[PDB]
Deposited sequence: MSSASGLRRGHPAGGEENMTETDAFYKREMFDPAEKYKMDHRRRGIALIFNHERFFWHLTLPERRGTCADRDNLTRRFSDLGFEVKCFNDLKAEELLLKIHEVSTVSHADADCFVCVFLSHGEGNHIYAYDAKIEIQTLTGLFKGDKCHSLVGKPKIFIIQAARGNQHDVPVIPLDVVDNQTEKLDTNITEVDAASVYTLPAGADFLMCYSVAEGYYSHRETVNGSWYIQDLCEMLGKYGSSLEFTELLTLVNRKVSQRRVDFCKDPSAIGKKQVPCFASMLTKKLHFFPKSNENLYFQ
């Protein structure tokens, strides 16, 4: 019965939830810079994921306790009537940690909450994480952070998506937002509803790698390329085809 073109089942009543944890400022005693532009990212993401049928829930500058609570909440709610789950971090990070407002959180513990064992409603459905996180270096300027967050995998049917890989650099325009998120969102706009999601993420890798970094306003920001990646542990093709909502309840 084995099928090389098998797709994830994306015919549930609702598409599912897209969390967006958005971090602009941090507690003084962490000594991390403002991520001026992260709001463009949040809004651009919010729009593109909405037009794909996600209930988008944004959360600005949560402390560790608040963040762990809101994400544990979402893991224990039923996704039984949902196609998939998306979770997005716009912050600083280091190694296997993302930064909340007040301290770092182990990424494995956030993905761990949606592992088949602990969230039955999502077993066999895609769990996509998107992570725009790097090291805080210290009108519209382009700021550049060094890659810092390990490009971890997660578990069966997870897709981990990363702004930048080891040895490369992450770019954020202070008005237009992160290079990764701009190009992710451009591709979501044009191709989200037709293309297989990893096919799309590959276009994002081209779009971002192709961005030139030879003629730069800061002389020290020259020759710092951005190459994003993704770690697929998906088992099927993933498409976000428009859902039929013609005389149906999808709330």
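Unmodelled regions of the deposited chain, listed from N- to C-terminal end, are 1-29, 168-186.
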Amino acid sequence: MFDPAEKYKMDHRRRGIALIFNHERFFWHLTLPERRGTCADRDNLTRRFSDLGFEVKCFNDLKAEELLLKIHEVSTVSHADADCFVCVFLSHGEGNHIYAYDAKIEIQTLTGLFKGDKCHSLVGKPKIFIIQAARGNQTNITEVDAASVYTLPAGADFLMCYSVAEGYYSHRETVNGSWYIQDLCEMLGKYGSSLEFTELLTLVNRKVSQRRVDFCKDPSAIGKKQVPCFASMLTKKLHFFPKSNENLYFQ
From here on, numbers count along this sequence of modelled residues.
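At least a third of the other compared entries skip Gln138 while keeping the residues on either side.
Legend: mean Cα B-factor per stretch from the PDB entry, 195-203 versus 208-216; the higher mean is in 208-216.
Taking the PDB entry as given, 220-228 carries the higher mean Cα B factor of the two stretches 220-228 and 57-65. When the C-alpha B-factors of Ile141, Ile98, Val164, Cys84 are ranked from the entry, the top spot goes to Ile141. In the PDB entry, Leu32 places in the highest third of its chain by CA B-factor.
Looking at the C-alpha B-factors along this chain, the one for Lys9 belongs to the highest third.
Compared with the other modelled residues of the chain, the Cα B-factor recorded for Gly155 ranks in the middle third. For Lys127, the recorded CA B-factor ranks within the lowest third of the chain. Only modelled residues enter the ranking. Ranked within its chain, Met187 lands in the middle third, by CA B factor from the PDB record.
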